[PDB]
Amino acid sequence: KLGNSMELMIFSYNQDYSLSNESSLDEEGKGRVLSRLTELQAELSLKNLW
Numbered sequence: 095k096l097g098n099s100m101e102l103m104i105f106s107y108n109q110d111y112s113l114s115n116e117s118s119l120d121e122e123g124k125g126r127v128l129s130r131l132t133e134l135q136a137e138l139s140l141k142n143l144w
């Protein structure tokens, strides 16, 4: 859909990540992103809203 106009930064709630260039973002932010994603997933299931 986007061709090669933009670089892609894809993150999933099941810890699967996909970057077109890894040297864009270091494993610091990478982990911070996947932390929040799973934190919200567990938070939503805890209060029955997932």
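For our numbering, count along the sequence shown from 1 and bump the result up by 94.
The beta-carbon is built from N, C-alpha and C at its ideal position, and this holds for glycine as well.
query: Segment limits, alpha helix (DSSP H) that includes residue 113; result: It is not in any alpha helix (DSSP H) - residue 113 instead sits in the beta strand (DSSP E) that spans 111-113.
query: Of the residues 131, 144 and 114, the one placed nearest residue 97, counting alpha carbons only; result: 114
query: Backbone CA spacing between residue 35 and residue 106 [nearest angstrom]; result: The structure shown does not extend to residue 35, since the chain is modelled only from 95 to 144, so the question has no answer here.
query: Residues near residue 112 by beta carbon distance below 7 Å, same chain, minus five either side; result: 102 and 104
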